[PDB]
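Enquirer: Just passing along the structure, written as structure tokens.
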Amino acid sequence: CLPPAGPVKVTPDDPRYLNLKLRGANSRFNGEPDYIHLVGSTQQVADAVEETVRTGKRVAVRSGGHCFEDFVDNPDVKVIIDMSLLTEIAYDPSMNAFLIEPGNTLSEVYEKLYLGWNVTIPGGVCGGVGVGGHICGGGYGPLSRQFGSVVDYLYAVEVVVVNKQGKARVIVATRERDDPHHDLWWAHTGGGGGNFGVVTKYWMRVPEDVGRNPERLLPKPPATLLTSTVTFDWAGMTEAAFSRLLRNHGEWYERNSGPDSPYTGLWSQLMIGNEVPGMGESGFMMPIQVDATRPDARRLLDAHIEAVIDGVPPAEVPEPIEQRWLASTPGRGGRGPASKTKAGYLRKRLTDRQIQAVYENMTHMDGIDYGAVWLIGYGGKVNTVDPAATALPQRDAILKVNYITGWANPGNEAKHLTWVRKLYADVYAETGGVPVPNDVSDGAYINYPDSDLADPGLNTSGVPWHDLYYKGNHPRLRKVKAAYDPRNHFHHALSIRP
Amino acid sequence: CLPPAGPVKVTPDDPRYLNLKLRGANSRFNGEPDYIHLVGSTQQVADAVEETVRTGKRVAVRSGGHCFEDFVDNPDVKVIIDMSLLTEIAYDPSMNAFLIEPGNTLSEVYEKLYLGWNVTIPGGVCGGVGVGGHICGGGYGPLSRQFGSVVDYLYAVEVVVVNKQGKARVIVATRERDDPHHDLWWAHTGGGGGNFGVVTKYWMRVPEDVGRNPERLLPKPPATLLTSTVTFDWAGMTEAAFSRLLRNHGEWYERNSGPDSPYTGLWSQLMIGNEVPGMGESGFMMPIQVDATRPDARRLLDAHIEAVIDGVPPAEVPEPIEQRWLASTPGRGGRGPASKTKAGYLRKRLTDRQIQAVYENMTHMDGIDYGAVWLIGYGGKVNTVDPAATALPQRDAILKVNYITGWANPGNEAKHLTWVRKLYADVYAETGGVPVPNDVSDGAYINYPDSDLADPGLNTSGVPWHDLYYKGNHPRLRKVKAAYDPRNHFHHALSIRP
Amino acid sequence: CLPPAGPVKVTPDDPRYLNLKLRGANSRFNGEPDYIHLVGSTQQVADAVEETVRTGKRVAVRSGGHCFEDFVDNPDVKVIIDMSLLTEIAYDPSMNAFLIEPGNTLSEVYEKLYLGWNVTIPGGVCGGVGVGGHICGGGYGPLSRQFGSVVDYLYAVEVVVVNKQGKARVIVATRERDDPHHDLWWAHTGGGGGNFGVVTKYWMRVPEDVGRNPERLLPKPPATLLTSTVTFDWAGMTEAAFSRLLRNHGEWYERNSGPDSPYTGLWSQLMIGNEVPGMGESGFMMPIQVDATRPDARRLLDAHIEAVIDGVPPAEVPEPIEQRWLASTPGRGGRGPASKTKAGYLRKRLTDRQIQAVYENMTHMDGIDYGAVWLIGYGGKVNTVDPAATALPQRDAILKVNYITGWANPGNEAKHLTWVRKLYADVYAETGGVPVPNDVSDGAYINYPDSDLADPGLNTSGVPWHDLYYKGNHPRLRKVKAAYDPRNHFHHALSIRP
Amino acid sequence: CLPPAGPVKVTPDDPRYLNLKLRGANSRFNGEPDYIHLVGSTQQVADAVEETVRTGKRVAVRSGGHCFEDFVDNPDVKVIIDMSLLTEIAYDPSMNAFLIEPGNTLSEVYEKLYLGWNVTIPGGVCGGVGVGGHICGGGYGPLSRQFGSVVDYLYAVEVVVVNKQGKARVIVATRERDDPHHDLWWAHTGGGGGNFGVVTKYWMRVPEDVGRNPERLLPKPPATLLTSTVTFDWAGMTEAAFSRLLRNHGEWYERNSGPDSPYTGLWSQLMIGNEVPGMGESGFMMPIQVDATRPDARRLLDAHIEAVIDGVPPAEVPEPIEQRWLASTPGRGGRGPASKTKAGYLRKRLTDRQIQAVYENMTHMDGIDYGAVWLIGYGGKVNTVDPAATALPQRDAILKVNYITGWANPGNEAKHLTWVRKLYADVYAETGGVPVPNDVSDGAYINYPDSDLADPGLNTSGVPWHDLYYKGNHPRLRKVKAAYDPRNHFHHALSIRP
Amino acid sequence: XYXXXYX
Amino acid sequence: XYXXXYX
Amino acid sequence: XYXXXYX
Amino acid sequence: XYXXXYX
Amino acid sequence: XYXXXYX
Amino acid sequence: XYXXXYX
Amino acid sequence: XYXXXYX
Amino acid sequence: XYXXXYX
């Protein structure tokens with residue numbers, strides 16, 4: 001074991017400064033921190049934190065940089081603690097679990113877990129997403145119907161916290177019923193980043209006893225996937241055609257998202273977007289994948305597609321393609337165009353009125369570069385967990401819905417925010433412009449944060465932002481916040497209040 | 001300090017097998033090994049090597065997969081030792097050098113060296129190239145005129161070798177005087193991969209006494225570069241204008257490649273290619289960059305461009321752009337289209353008859369998907385080193401020249417091979433079809449291996465392949481080979497014979 | 001017991017070069033090799049071969065020089081390995097067979113086998129044909145109706161082959177079914193010369209157990225022969241008389257070529273050519289020979305003759321002459337006049353249209369010095385072997401037919417080539433100008449090579465040259481070729497491709 | 001921004017005359033200039049220089065007054081340009097370096113550099129030494145093993161030179177390879193004062209690119225030092241013990257003076273002197289200091305002490321004391337008693353014969369008020385620079401050796417000069433009485449000038465003074481002297497001759 | 001689609 | 001150009 | 001000692 | 001219009 | 001305590 | 001001229 | 001011409 | 001050097 005790299009205090013005259021200041025994904029947000037602190041160990045994270053306490057400089061942590069909101073890049077952040085040098089991925093025999101450090105990207109995790117042990121975690125798709133924010137926020141992705149949220153594999157966290165006296169302490173907190181900081185562990189199963197302290201290590205494993213064999217300690221990914229992308233032509237997509245598609249798709253998810261369904265091995269996303277020349281993920285399409293281990297895989301796929309496209313003339317269905325797990329190296333990352341995403345959970349399909357509001361706004365998008373609604377497969381095995389057993393309260397949803405817009409020139413920001421705000425507010429007009437939990441909706445996902453949910457011009461429901469994200473888990477999150485960050489040193493626009 | 005990942009023997013039924021079998025860059029080559037052995041430590045390498053000696057299985061190591069030849073992926077290789085898990089990069093106080101493991105990519109190395117210590121090494125541009133092959137084969141890139149070859153920073157190597165009794169042993173060999181395996185260290189300063197044993201660690205540092213401050217132990221990259229790409233248009237290019245261009249360019253490099261030139265901070269490459277639709281690196285163009293630290297940088301850049309384009313009408317010159325070091329991450333990547341590259345060193349420009357041969361073949365490429373001649377800036381600080389001080393004998397060259405073709409369909413291989421081989425043989429017609437060391441040429445670079453140089457049908461010079469790659473270093477490299485791999489267990493098409 | 005003669009490299013300055021360069025039988029072919037290598041032992045042959053692989057010089061073996069095609073003498077061949085010094089003929093006790101070296105002529109073979117042990121082999125007539133190309137090519141002649149092809153006595157071959165790494169290796173391959181190189185043995189039962197490697201030894205032997213007694217290890221030639229030649233007078237040859245002759249001859253051969261026929265002791269050939277004063281083998285005639293050991297021998301000769309000339313006014317029968325076996329030792333004859341031969345196999349007589357085509361072309365040959373059609377007796381005991389048991393697939397034919405022209409002057413080559421090609425194409429006009437296997441024809445014999453059969457102008461049947469010569473045995477020959485000459489070091493115009 | 005003070009021509013009636021005339025440290029030297037010109041700007045210096053050329057008056061600059069020889073205070077000097085008012089110390093953004101004017105004392109420099117930016121230069125200890133003579137003469141002191149000579153930080157100089165026409169011009173000469181006056185910069189890296197012109201500014205900085213942060217532009221001094229002085233007693237000391245002492249010490253310095261030694265952070269001087277009542281720097285003692293920021297410091301100090309005293313009982317080894325950097329002000333300067341110092345460099349320790357000569361002379365010093373030999377720690381980081389890269393040629397020494405005498409009464413000058421000259425001539429008796437470079441000696445240091453080295457009755461080696469001080473650098477110095485002071489207006493007893 | 005990007 | 005690719 | 005002076 | 005805000 | 005519920 | 005040959 | 005110089 | 005001792 002060689003000594004760690006770091007620490008480095010990168011000030012504005014250091015050549016690394018702009019690279020580190022600009023490594024956020026969303027180019028809507030900027031800040032001008034006094035310095036950026038690169039840290040190569042837990043002890044250096046403790047020292048960096050203590051320094052900000054002593055100087056009273058507002059801090060934020062950056063891992064992957066993918067925050068949807070201005071939590072890290074904003075004019076008030078004076079110090080960024082950058083986790084880029086903390087990238088260990090290993091079997092830890094003392095924890096009998098996989099140690100995954102916050103500075104890793106998902107694509108590094110998926111590769112290393114796969115090569116080393118033929119295991120994976122059921123996390124997000126976008127390769128550049130950081131472990132640091134993703135795990136504690138409740139990460140999920142295409143394998144979540146099959147294996148749950150990444151938080152259902154969270155065993156422990158090491159966290160640098162600040163006590164009432166202003167000292168930095170390190171706590172290792174496990175899920176063991178008898179661990180005295182078991183509450184801290186719980187809060188990291190969906191509480192979200194930038195609330196409790198600096199996560200320095202995550203430890204991941206199945207909750208069942210399976211011995212000390214690392215190859216049994218995390219789910220086995222599918223050897224191969226059967227994939228297909230159904231494409232839709234906007235020129236034939238009348239309101240009646242559009243609306244049949246959404247009803248078909250939604251009823252399909254209402255029926256086939258139980259944890260004992262054969263369909264826990266399938267995932268899709270319906271992407272309702274305008275087509276943008278430079279951008280392959282734009283337009284109106286539905287990518288699908290299914291675990292090709294299963295003899296039924298092809299049937300499951302065809303059954304899904306037919307249920308979805310029945311009565312929809314403008315659907316184009318290509319031949320399916322079988323692909324190996326991680327056959328093309330996942331993504332990369334980098335600074336993207338400015339965007340705004342709003343979000344909600346669905347327990348039942350969008351109603352006919354909601355479907356029609358999506359239609360109306362998607363057909364009135366003059367001067368909008370990119371605008372879309374994505375309906376993202378969820379449930380399955382996620383839904384075997386009790387609402388209170390992790391910090392994620394939504395344990396019977398079938399879909400996550402995103403309301404997205406993106407713009408190329410900063411000058412057009414206001415128009416695009418106005419567009420996506422109208423879309424969302426029309427869709428949720430019967431519950432004050434937001435996805436109030438009810439028969440249909442179930443609030444929102446903290447890894448897709450949206451400060452609009454705290455703005456009472458935009459949310460007129462009377463339901464605060466924190467009840468939309470956390471529901472009945474909020475009171476306990478508040479208690480953990482008070483117990484571990486009594487001074488509120490870790491905060492941002494939608495941070496759990498003391 | 002956690003135990004290493006591995007070992008894993010990945011046989012054909014393991015779901016990792018195809019990924020690993022297929023991770024070579026050049027899709028011209030394929031093999032079907034009995035297994036691929038993933039190794040996470042030096043001991044595991046030693047065991048994996050011993051196993052192949054004991055079963056008599058033909059072995060090849062893969063680090064980054066970028067081999068230009070079939071040294072790893074061929075029908076005769078039965079075991080691949082895959083170095084993917086060996087990725088440490090750290091300051092090592094007991095060597096007072098940077099430890100870089102062979103499974104790292106260049107992209108990973110550059111980023112970590114820069115973040116951690118504001119250092120770099122003067123290696124290749126392609127981000128996906130592996131350390132393992134790259135370093136021992138004499139790695140170079142855009143900073144080589146300013147800093148030399150990566151081998152000029154090679155302080156030590158750790159290698160797993162096989163003795164005459166068939167046992168695997170580990171040797172650490174350094175560049176110090178009185179190092180009892182100084183010969184082994186020397187052979188890895190340009191001898192090429194797959195010859196001596198398995199490199200499991202490289203240690204890199206400046207040869208000067210600079211103390212123990214890791215920030216001084218490797219070259220400091222420039223904070224910013226001034227960049228421009230001059231584009232040329234084939235439609236407007238006469239036989240005369242083409243010739244003028246190549247003379248201008250070559251003569252400029254003859255005058256401005258000395259180790260004491262102010263142009264050691266400039267690099268360019270002249271890419272004489274056909275235009276290919278979605279391939280950004282195709283076409284007829286000359287990217288240039290200059291270290292933007294000194295106030296003369298814009299002048300140097302301007303003066304180079306005007307020298308090159310003087311009397312050449314179909315040239316387009318954009319405004320230069322100032323870019324920060326590593327402002328975008330090297331973007332690779334993995335398995336590419338099928339290609340063949342042939343290579344030579346230049347000490348002087350291509351002669352008038354050689355330029356004629358280039359024009360002729362480049363204007364007669366019907367059926368050729370991509371064909372190009374690239375003239376890559378070299379020399380400068382590279383040429384302070386004595387030809388015998390490292391295993392790279394070419395220490396007064398000004399350019400490296402590559403002769404490149406690539407094809408999308410395997411059915412068309414023979415026609416593309418024919419074309420590039422005619423191009424090469426016409427250029428080198430006066431010395432048997434190959435770049436025999438003379439006043440103008442200086443053989444070839446072992447990191448661009450080409451089996452055609454050992455094919456007496458294509459090489460008619462009477463100069464063996466090993467003399468073109470190694471010149472007067474070949475005898476010493478043969479003594480190293482006999483001393484450390486007496487059984488010839490490490491071998492391939494252009495391997496040093498004991 | 002003395003060392004062997006050789007090796008001698010005969011270069012253009014050496015007095016022996018021209019004799020050696022000019023020892024091919026057909027003066028239509030010329031070449032200019034860098035040198036001709038005389039070799040006196042198998043080791044010298046392996047050295048010579050290995051040298052041509054290291055230097056990249058295109059090689060051809062010459063044994064007797066009788067090739068019908070330019071396989072040896074062409075502008076591309078740079079080294080001839082000349083087998084003139086390899087002339088051992090002996091009983092080899094350790095193989096229990098007759099060792100016969102390739103540089104022997106058939107004349108030497110017959111004479112020495114006769115004197116030493118009263119045996120022979122059923123090979124060709126022409127005394128200067130070499131063992132080298134003759135045996136592996138399926139050699140036959142006047143005794144083959146009685147004894148089969150010489151390949152039916154091929155017990156083993158010693159071959160110098162070049163392996164994948166370009167090293168020369170010596171293999172002894174035998175007829176024994178459990179021989180690990182049995183397939184190489186098999187390919188030399190009619191594969192043809194110039195394909196697999198250099199034969200350095202042939203061992204010849206009957207298949208039956210007969211102890212270690214050399215005197216019945218090969219067939220006993222007849223003590224005496226009865227011979228007669230019939231002559232036909234062109235002046236009296238009306239179309240009517242010509243066509244009767246050919247129907248008589250062919251139907252006689254249809255009825256009398258079975259393995260149990262008494263006429264397996266008879267052989268004839270019908271030689272339909274113009275008169276050339278000074279050349280004894282010209283004119284319109286039919287030599288016949290029969291085994292005078294038989295009590296029925298005089299009647300077989302008379303029966304054959306009467307059947308042939310029935311209703312043919314211009315025939316003329318002289319008195320038969322009895323001759324002792326090898327009473328005059330066979331010639332001959334040095335380098336000869338330029339000529340072209342095309343060939344087919346006949347399973348039944350030429351149809352009436354074909355006879356008419358033969359007739360039309362023989363009566364329109366102004367400016368042709370020599371033109372002829374020869375119908376050569378075949379079948380009998382040859383036809384007892386399965387098509388797949390040797391590389392010769394024709395095991396039910398009755399005649400071989402050759403279509404022949406020859407010219408005194410190199411300036412008339414074009415005019416004679418035209419004539420023999422018209423002739424052949426007219427004869428075969430119903431099957432794209434070639435003897436496609438059917439009721440009447442059965443492809444072609446590899447010892448009568450003809451490059452026209454791979455020219456798509458002249459061959460428009462769409463049936464490739466190699467299915468004509470080899471039919472159903474091609475696939476196995478193609479595999480032997482890939483197994484034993486992977487690099488294709490041994491090739492020419494009608495060579496097997498891996 | 002205020003106008004500078006000066007100029008003031010101080011004639012003998014001015015009440016400031018005598019103070020200025022008598023401000024030389026060594027009272028052995030006196031002059032009577034016509035006037036002393038106080039200058040407060042570069043332009044005032046140029047005017048004062050031109051005036052002396054114009055009146056043909058012999059000039060000498062005085063900065064700190066510490067000259068060991070009569071270069072400034074002698075009867076031929078008619079004008080002294082006194083630099084007392086030129087005392088700026090500042091960061092200069094245009095040079096990205098520290099501007100230090102020549103009238104500053106070392107005391108002032110260390111204080112201001114430390115307080116302003118926590119930096120230092122590795123110069124002399126004697127507080128009242130002037131920047132003007134010190135820097136261009138190659139200043140060193142106790143930090144030089146760690147950091148080099150002060151000339152290794154000399155970036156540029158501003159010099160008032162006189163052209164052949166006799167006009168005063170201002171030149172700024174820099175370390176930049178392409179500086180037109182680079183040679184004149186080089187000559188001020190150890191050429192010594194009063195040779196080339198009047199330095200009016202030095203700019204100091206590290207040679208590496210470290211950005212524009214002034215806190216990184218010069219070496220950081222150690223925050224604390226660990227110190228101890230070992231004392232010896234003359235009473236009872238034998239020759240054997242004394243010899244053992246000197247050998248112990250010199251051998252330690254031979255082993256532990258490499259640039260990569262941990263002992264680069266240690267310095268000591270062995271002071272072998274008679275005990276003088278009121279004079280705390282007299283006596284027989286070895287002060288030591290070590291950089292105390294290193295955890296090894298107590299251990300290095302302890303080990304050095306033990307090596308020196310091995311088998312040689314000291315009078316006292318006190319407990320080490322930790323002291324803060326600059327915890328006391330270095331005490332003043334002013335006018336001291338008359339002294340003579342003679343000097344050499346050591347590459348290896350004094351030989352057994354030279355040690356005996358030191359002992360003999362130090363035990364025969366009847367009537368000598370003070371006499372001593374000081375062995376001063378050197379080498380370390382000094383020794384990473386090439387002999388030709390600055391004007392200091394000694395880049396592999398381990399010690400400087402001073403032979404020192406001092407006298408209270410002017411009437412005793414002769415006998416003290418006689419004693420110190422005998423000691424020096426005895427020590428160097430095998431090389432003509434002077435430190436001719438060889439295996440042991442390396443000449444002399446120009447900031448300790450000694451006219452006796454130019455006197456053929458005292459230097460009988462055949463090696464002239466200039467070769468003793470400048471070795472292979474002299475020819476380059478002469479060229480710069482000819483080029484920039486063609487009239488020889490700047491000269492003194494040991495001045496470089498054009 | 002279904003894989004990320006942006007290229 | 002001058003940066004790698006193949007996008 | 002090691003500091004200068006003169007006291 | 002249709003721009004909004006607030007900035 | 002320190003663990004939650006609800007049971 | 002200035003190119004070679006021979007054609 | 002076609003060759004350069006200058007002679 | 002090349003002698004001995006100890007001194």
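Residue numbering restarts at 1 for every chain of the structure tokens, chains are lettered A, B, ... in their displayed order, and ligands are numbered from 1 as they appear.
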Quick one: which residues from chain A are at most 10 Å off chain E, using only C-alpha atoms, as JSON, numbers by chain?
Expert: {"A": [124, 125, 126, 127, 128, 142, 227, 228, 229, 230, 231, 267, 268, 269, 270, 271, 278, 279, 280, 281, 282, 283, 285, 286, 287, 288, 289, 328, 330, 331, 332, 333, 334, 336]}
Enquirer: Near residue 192 in chain C, within 7 Å and counting only C-alpha atoms, which residues show up once chain neighbours fewer than 3 positions away are dropped, as a PyMOL selection string?
Expert: chain C and resi 133+136-137+188+195+446-447
Enquirer: Extract, using only C-alpha atoms, all DNA, RNA and protein residues at most 10 Å from residue 196 in chain A, discarding same-chain residues fewer than 5 positions from it, and format them as a VMD selection string.
Expert: chain A and resid 159 to 162 184 187 to 188 191 477 480 to 486 488 to 491 495 to 496
Enquirer: So that I can check the surroundings of residue 74 in chain B, please list as a PyMOL selection string every protein, DNA and RNA residue that reaches within 9 Å of it, counting only C-alpha atoms and ignoring chain neighbours fewer than 2 positions away.
Expert: chain B and resi 29-33+70-72+76-77
Enquirer: Which residues of chain B are close to chain C, meaning at most 12 Å apart when you count only C-alpha atoms, and how do they look as number ranges by chain?
Expert: B: 75-76, 452, 454-464, 492-494
Enquirer: Just list as a CSV table (one decimal) with N, CA and C atoms, in the first residue's frame whatever in range 179-321 of chain B DSSP marks as strand (DSSP E).
Expert:
```
chain,number,residue,atom,x,y,z
B,198,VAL,N,6.7,-10.5,-18.6
B,198,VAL,CA,5.5,-9.7,-18.4
B,198,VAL,C,5.9,-8.5,-17.5
B,199,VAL,N,5.8,-7.3,-18.0
B,199,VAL,CA,6.0,-6.2,-17.1
B,199,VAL,C,4.8,-6.1,-16.3
B,200,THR,N,5.0,-6.0,-14.9
B,200,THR,CA,3.9,-5.8,-14.0
B,200,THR,C,3.9,-4.5,-13.3
B,201,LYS,N,5.0,-3.7,-13.4
B,201,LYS,CA,5.1,-2.3,-12.9
B,201,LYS,C,6.1,-1.5,-13.8
B,202,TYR,N,5.8,-0.3,-14.0
B,202,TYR,CA,6.8,0.7,-14.5
B,202,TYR,C,7.0,1.8,-13.5
B,203,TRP,N,8.2,2.3,-13.2
B,203,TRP,CA,8.4,3.4,-12.4
B,203,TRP,C,9.0,4.5,-13.3
B,204,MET,N,8.5,5.7,-13.2
B,204,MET,CA,8.8,6.8,-14.1
B,204,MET,C,9.2,8.0,-13.3
B,224,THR,N,-1.7,25.8,-21.0
B,224,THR,CA,-2.6,26.0,-22.1
B,224,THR,C,-1.7,25.8,-23.4
B,225,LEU,N,-2.5,25.4,-24.5
B,225,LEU,CA,-2.0,25.2,-25.8
B,225,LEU,C,-2.6,26.2,-26.7
B,226,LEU,N,-1.9,26.7,-27.7
B,226,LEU,CA,-2.5,27.3,-28.8
B,226,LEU,C,-2.6,26.3,-30.0
B,227,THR,N,-3.8,26.1,-30.5
B,227,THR,CA,-4.0,25.1,-31.5
B,227,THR,C,-4.7,25.7,-32.8
B,228,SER,N,-4.4,25.1,-33.9
B,228,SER,CA,-5.0,25.3,-35.1
B,228,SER,C,-4.9,24.1,-36.0
B,229,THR,N,-5.9,23.9,-36.9
B,229,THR,CA,-5.8,22.9,-38.0
B,229,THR,C,-5.9,23.6,-39.3
B,230,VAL,N,-4.9,23.5,-40.2
B,230,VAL,CA,-5.0,24.0,-41.5
B,230,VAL,C,-5.6,22.9,-42.4
B,231,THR,N,-6.6,23.2,-43.2
B,231,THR,CA,-7.3,22.3,-44.0
B,231,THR,C,-6.9,22.5,-45.5
B,232,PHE,N,-6.7,21.4,-46.2
B,232,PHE,CA,-6.4,21.5,-47.6
B,232,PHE,C,-7.5,20.9,-48.4
B,266,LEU,N,6.4,23.2,-30.2
B,266,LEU,CA,5.4,23.0,-31.3
B,266,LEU,C,5.4,21.6,-31.8
B,267,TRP,N,4.3,21.2,-32.1
B,267,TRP,CA,4.1,19.9,-32.8
B,267,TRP,C,2.9,20.0,-33.8
B,268,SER,N,3.1,19.3,-34.9
B,268,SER,CA,2.1,19.2,-35.9
B,268,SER,C,2.1,17.9,-36.6
B,269,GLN,N,1.0,17.5,-37.2
B,269,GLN,CA,1.1,16.5,-38.1
B,269,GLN,C,0.3,16.7,-39.4
B,270,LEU,N,1.0,16.3,-40.5
B,270,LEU,CA,0.4,16.5,-41.8
B,270,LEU,C,-0.3,15.3,-42.2
B,271,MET,N,-1.6,15.3,-42.3
B,271,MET,CA,-2.4,14.2,-42.6
B,271,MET,C,-2.9,14.2,-44.0
B,272,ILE,N,-2.4,13.4,-44.9
B,272,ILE,CA,-2.7,13.4,-46.3
B,272,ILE,C,-3.6,12.2,-46.5
B,273,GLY,N,-4.9,12.4,-46.4
B,273,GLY,CA,-5.9,11.4,-46.4
B,273,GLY,C,-7.0,11.8,-47.3
B,284,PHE,N,-7.5,15.8,-45.5
B,284,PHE,CA,-6.3,16.4,-45.9
B,284,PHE,C,-6.1,17.6,-45.0
B,285,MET,N,-5.4,17.5,-43.9
B,285,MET,CA,-5.3,18.6,-42.9
B,285,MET,C,-4.0,18.5,-42.0
B,286,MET,N,-3.8,19.5,-41.2
B,286,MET,CA,-2.5,19.6,-40.5
B,286,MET,C,-2.9,20.2,-39.1
B,287,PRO,N,-3.2,19.4,-38.2
B,287,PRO,CA,-3.4,20.0,-36.8
B,287,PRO,C,-2.0,20.5,-36.3
B,288,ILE,N,-2.0,21.5,-35.5
B,288,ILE,CA,-0.8,22.1,-34.9
B,288,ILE,C,-1.2,22.5,-33.5
B,289,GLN,N,-0.2,22.3,-32.6
B,289,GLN,CA,-0.3,22.9,-31.3
B,289,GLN,C,1.0,23.4,-30.8
B,290,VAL,N,0.9,24.4,-30.0
B,290,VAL,CA,2.1,25.0,-29.4
B,290,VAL,C,1.8,25.3,-28.0
B,291,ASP,N,2.8,25.0,-27.1
B,291,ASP,CA,2.8,25.5,-25.7
B,291,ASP,C,2.6,27.0,-25.7
B,315,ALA,N,-5.1,25.9,-49.3
B,315,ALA,CA,-5.0,25.8,-47.9
B,315,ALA,C,-6.0,26.8,-47.2
B,316,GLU,N,-6.7,26.4,-46.2
B,316,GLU,CA,-7.6,27.2,-45.3
B,316,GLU,C,-7.1,27.2,-43.8
B,321,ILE,N,-7.0,28.8,-31.5
B,321,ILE,CA,-7.8,28.7,-30.2
B,321,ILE,C,-6.8,28.4,-29.1
```
Enquirer: Please measure the separation of CA of residue 132 in chain D and CA of residue 108 in chain D, giving the value in Å to one decimal.
Expert: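 The value is 13.1 Å.
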Enquirer: Please report the interatomic distance between CA of residue 435 in chain B and CA of residue 141 in chain B in Å with one decimal.
Expert: 21.3 Å
Enquirer: Near range 348-351 of chain D, counting only C-alpha atoms, which residues have an atom at most 6 Å away, once you skip same-chain residues fewer than 2 positions from it, shown as JSON, numbers by chain?
Expert: {"D": [250, 254, 346, 353, 354, 440]}
Enquirer: Now that the selection is made, can you save its residues with C-alpha atoms as a PDB file, in the first residue's frame?
Expert:
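Once written, out.pdb looks like this:
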```
ATOM      1  CA  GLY D 250      36.075  15.344   6.688  1.00  0.00           C
ATOM      2  CA  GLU D 254      32.767  13.079   1.976  1.00  0.00           C
ATOM      3  CA  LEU D 346      37.581  20.922  -0.606  1.00  0.00           C
ATOM      4  CA  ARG D 353      49.935  15.758   6.128  1.00  0.00           C
ATOM      5  CA  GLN D 354      47.716  18.869   5.687  1.00  0.00           C
ATOM      6  CA  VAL D 440      41.452  17.195  -2.695  1.00  0.00           C
TER       7      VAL D 440
END
```
Enquirer: Could you check how far CA of residue 156 in chain A sits from CA of residue 170 in chain A, in Å to one decimal?
Expert: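 Distance between the two atoms: 13.0 Å.
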Enquirer: Residues of range 223-438 of chain D classed as alpha helix (DSSP H) by DSSP on the backbone are to be reported as a PyMOL selection string.
Expert: chain D and resi 239-255+297-309+352-362+413-427
Enquirer: Show me, as a ChimeraX atom specification, the residues that have an atom within 12 Å of residue 237 in chain A when counting only C-alpha atoms, minus same-chain residues fewer than 3 positions from it.
Expert: /A:231-234,240-246,272,284,311-315,359,362-363
